[PDB]
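J.: quick one: experimental structure and sequence below.
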Amino acid sequence: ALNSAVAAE
Amino acid sequence: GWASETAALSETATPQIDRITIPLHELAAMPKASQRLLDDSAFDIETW
Amino acid sequence: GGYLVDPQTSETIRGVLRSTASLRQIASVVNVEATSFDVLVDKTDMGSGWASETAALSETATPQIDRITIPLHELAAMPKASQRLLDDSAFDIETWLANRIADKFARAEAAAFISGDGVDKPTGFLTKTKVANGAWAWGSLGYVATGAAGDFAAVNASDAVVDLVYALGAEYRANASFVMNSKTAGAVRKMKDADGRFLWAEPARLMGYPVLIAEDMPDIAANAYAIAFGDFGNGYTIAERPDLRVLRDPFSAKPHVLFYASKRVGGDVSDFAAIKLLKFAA
Amino acid sequence: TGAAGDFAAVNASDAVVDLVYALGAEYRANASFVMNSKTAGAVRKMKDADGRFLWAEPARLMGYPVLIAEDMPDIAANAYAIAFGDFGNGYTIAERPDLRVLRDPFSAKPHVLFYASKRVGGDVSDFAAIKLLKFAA
Amino acid sequence: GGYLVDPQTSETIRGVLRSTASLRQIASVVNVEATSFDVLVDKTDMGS
Amino acid sequence: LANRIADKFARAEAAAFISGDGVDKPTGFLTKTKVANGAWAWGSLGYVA
Amino acid sequence: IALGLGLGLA
Amino acid sequence: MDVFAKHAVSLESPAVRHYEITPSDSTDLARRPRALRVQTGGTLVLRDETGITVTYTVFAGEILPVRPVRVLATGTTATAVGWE
Amino acid sequence: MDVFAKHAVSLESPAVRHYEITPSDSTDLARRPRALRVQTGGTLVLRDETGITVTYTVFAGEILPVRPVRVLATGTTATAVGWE
Amino acid sequence: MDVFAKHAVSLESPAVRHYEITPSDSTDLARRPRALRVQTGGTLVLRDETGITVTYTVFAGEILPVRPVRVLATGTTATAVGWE
Amino acid sequence: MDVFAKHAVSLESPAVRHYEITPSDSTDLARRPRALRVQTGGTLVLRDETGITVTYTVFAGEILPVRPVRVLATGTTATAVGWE
Amino acid sequence: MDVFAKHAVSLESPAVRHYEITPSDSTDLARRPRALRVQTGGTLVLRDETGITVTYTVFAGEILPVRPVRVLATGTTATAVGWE
């Protein structure tokens, strides 16, 4: 549950 | 954390997320049955 | 044509399913809306007279009373999630983080219920000033020793399990359980007779007694306490609040959401006579 | 296991129990062995120093259910003949649960030529929930 | 501000739990309002 | 106290039901002049060795 | 009697 | 590193623990052995738990699979080491 | 203090109880032994429970894992001690 | 009076029943023995149930834990007694 | 007629099947034996399944309870017969 | 091709694995053996896991069913090979 820019997060 | 009383709790970890793609291929067979068999073969050969 | 294929995702975002055997299901859970919990046990018993017809009757004994103070610490986690994710990530991320935070807390309190110390976490039964059984006083947990330093005993192995069972008290064995970890349970199931057949016969019980596979007890070291056994439902008291307090903060991390979630839980042993341990010293 | 072809000779059936207890606590609540029939026969033939077979209708092993497949390798030099784990969490099958039949009286002309297909897929979803037994060393 | 903390006590005072296997649950327990009880047994049998 | 005295009474009568003697308490079956089984009479309990 | 290594009687 | 560590030690099993015995004579042994490895040949006297004793004209290096309670010193000319 | 006290005593187990035997000759032994430790070499005759008997040309200190019912005195030149 | 009367007699157990064997030569034994106590040293020939035979250069009083079906008389110079 | 026909044949049990071995030297044995009865005394070399080999200075009629995979012919002066 | 492949290897079972031992002297053995086959007769010293040690005046080809942790080199004149 982080940013939608990084794929793995 | 097991946070203390006065500790000023910073950030914690947050699980990274993996996507696994099921490809969903197909599986096909084509038997060749006789029209003379299907008309004269009183068992239900289509559903068999 | 291949840009029309729109892969279907899962219904619920899955995860690796770690251990939930947390000792909470076998111990005494008490709801508490305070900062500390105080169990009151008796460490002695009374006296009976067998009074005669017409002789006398004196004063008899009265059980002296011990207060044990559950400190009821807290346990806090604060993941930082993005506001663009929470609006556009159709899985319900609020309740998914609320489930995963609850799972992480139920797993991290299992380590504190067994081998945690006093500082801001519950004290497990292992850190409770062990004294060898036979010279058993009240303020201590009893153990029996196996024999050889590393492994179990040499000539007679697995009676360390038996005298540990039959040194636990007759009423406590009515509903008791072993507590081990997995690489001790593997070593116990590897024990075998002089022919090559393992001598012991879904809860994976031992000698009829249930077995709780923890993951937070020590393994079989020189002087470790790898196997415990007893009535944890009378021996160990968990005091807690049965909810998971979630507060979302869109304000400090400004384009983020920053779920601060914290349940609070405490506990130590309430009845010292109801847990025995296996030491590998001598 | 130990020795290359067979199990470990001196202490045997330990390659089974450390495979069980190297899989995790939660996944063993509902796990299963997966073998084929000539592996399960070779397991049931194992016996102690008395000649008595030591493993005491789904044909379970050590309490855990056993799926006798037929497509795993047999006990070879470096084969993985016994698998164990929670495949309900570990492995995901994604499919269409209908069997599409199209009869063709048109290409093969005195024949009917039923073209049937279903589409199915799937690999491991949870890597923590499947453990294997290698026979190498 | 640590005197306002008022620790919650138990609901019921607990105790150490001693053995209750007492032979009363396997023997013949008889209610009696008297000074004594007289079990009348037969120490022999008849003949046929 | 009405629960704990009852607990101690149920635990203290078990000693009298088993190894208690005749004086002001029930006489347990261990104190009943045991005579070896095979030479068994009525007024005595039998034992094997 | 038989083929063991066992310090034993038979 | 023993591969037989998990195995139980029966009476038929090999000697795990050895200790030299002295002809104690009316003081019993510390631990009664499963077997006796004789060091020097001769005679030695052995008592059971039931109390009866005989003299054994033993040879030099023999193991004798007897389980004695006490080795007396009256007729004992032979030194042995216990196995357990 | 035996660490093997709880262990059962099988036929394969070492000798717990020993007693010297006499060549009784048509009176059976008190207890039939699991094995016979020979004291003095020679010949001795042994009878089964089925009744058939043979002569054994035995040596001096041998143990022989036979379980005899009666040792007769006709051809017995060898003294032995029973193990049980 | 045997204290081991209830115990089962395994192959590893001591000799309950003994009978002297003759070098029968192409007539099989009555009962095949668990072991052979040799009386007089020499050579003796032994056949399995699978049929293969070897000569054993045996000594005088040895027990040999072999389970033979038939003892032939061609190369047999040694007298033995069977144990079962 | 064996009374032990229903009994299972363990490693500890007596020798059911015997076959003479040749010092084959880099061809493994047909069946690996439970034990080796030596016929003529001398030296013989034995290889495990793990591959390590030692020379055994063996005597004449000894049984040695070893379970060898291959008997080599380099240092083998002693003839033996396998037991299984 | 072993017919006893499925059988478990107990302490009482024959020697599957053999390795020659060196008198290491305050470095323990790699694997402790079930038994010791002696190659050359003499004296050798053996230590238990409990630490007590005695000297064994051993003969030439004897097997001794002892399970030692360490063979020291002070009084060891005898070469042996371990069995496991």
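T.: Okay, I see it. Residues are numbered from 1 along each chain as shown, chains lettered A, B, ... in the order given.

J.: in chain A, which residue sits closest to chain E?
T.: Residue of chain A nearest chain E, by Cβ to the nearest Cβ: residue A:1 (35.1 Å). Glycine gets a C-beta too; all of them are placed from N, C-alpha and C.

J.: skip the chain neighbours and tell me the closest residue to that residue.
T.: residue C:81 (4.0 Å; Cβ to Cβ, 6 or more residues apart in numbering or on different chains).

J.: what about the one you found, distance to residue C:16?
T.: Per Cβ to Cβ, to the nearest Å, residue C:81 is found 20 Å from residue C:16.

J.: all helices of chain H, in order?
T.: Using DSSP state H, no helices are found in chain H.

J.: re earlier: distance of the residue nearest to residue A:1 from residue H:33?
T.: Residue C:81 is 71 Å from residue H:33, where distance means Cβ to Cβ.

J.: and residue B:35, how many neighbours?
T.: Using other Cβ atoms under 10 Å in any protein chain shown, residue B:35 has 14 other residues around it.

J.: same question for residue H:48.
T.: Residue H:48 has 20 neighbouring residues, counting by other Cβ under 10 Å.

J.: residue H:72 is in contact with that one, correct?
T.: No - using Cβ atoms under 8 Å as the test, residue H:48 is too far from residue H:72 to be in contact (12.0 Å).

J.: and the residue of chain G closest to chain E?
T.: Closest point on chain G to chain E, by Cβ to the nearest Cβ, is residue G:8, at 42.6 Å.

J.: so who does the closest residue to chain F within chain A touch?
T.: With Cβ to the nearest Cβ, the shortest gap between chain A and chain F falls at residue A:1, namely 52.3 Å. If you count contacts by Cβ atoms under 8 Å, 6 or more residues apart in numbering or on different chains, residue A:1 has them with A:9, B:14-15, C:79-82, C:85, C:93, C:96-97.

J.: can you list these in JSON lines and add secondary structure?
T.: Listed next are those as JSON lines, based on DSSP: H, G, I helix; E, B strand; the rest coil:
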{"residue": "A:9", "secondary structure": "coil"}
{"residue": "B:14", "secondary structure": "coil"}
{"residue": "B:15", "secondary structure": "coil"}
{"residue": "C:79", "secondary structure": "coil"}
{"residue": "C:80", "secondary structure": "coil"}
{"residue": "C:81", "secondary structure": "coil"}
{"residue": "C:82", "secondary structure": "strand"}
{"residue": "C:85", "secondary structure": "helix"}
{"residue": "C:93", "secondary structure": "helix"}
{"residue": "C:96", "secondary structure": "helix"}
{"residue": "C:97", "secondary structure": "helix"}
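
J.: which one of those is nearest chain H?
T.: For the contacts of residue A:1, the minimum distance to chain H (Cβ to the nearest Cβ) is 38.9 Å, reached by residue B:15.

J.: which residues touch the closest one?
T.: Going by Cβ under 8 Å, 6+ apart, residue B:15 touches A:1, C:15, C:100.

J.: how far away is the first one from chain I?
T.: When you say that, I think you mean residue A:1. As judged by Cβ to the nearest Cβ, to the nearest Å, residue A:1 and chain I stand 59 Å apart.

J.: that residue and residue B:21: what is the separation?
T.: Taking Cβ to Cβ, one finds residue A:1 at 21 Å from residue B:21.

J.: please apply the same query to the second one.
T.: Relative to residue B:21, residue C:15 is positioned 18 Å away (Cβ to Cβ).

J.: let me know the secondary structure of the residue of chain G found nearest chain A.
T.: Closest approach between chain G and chain A, counting by Cβ to the nearest Cβ: residue G:5, at 59.7 Å. When classified by three-state DSSP, residue G:5 comes out as coil.

J.: list the contacts for it?
T.: Applying Cβ under 8 Å, 6+ apart to residue G:5 gives the contacts H:14, K:65, L:12, L:14-15, L:34-35, L:63, L:65, L:83.

J.: out of those, which touch chain A?
T.: Applying Cβ under 8 Å from any Cβ of the partner chain to the contacts of residue G:5, one finds that nothing falls near chain A.

J.: so which of those residues belong to strands?
T.: L:35, L:63, L:83 (DSSP state E).
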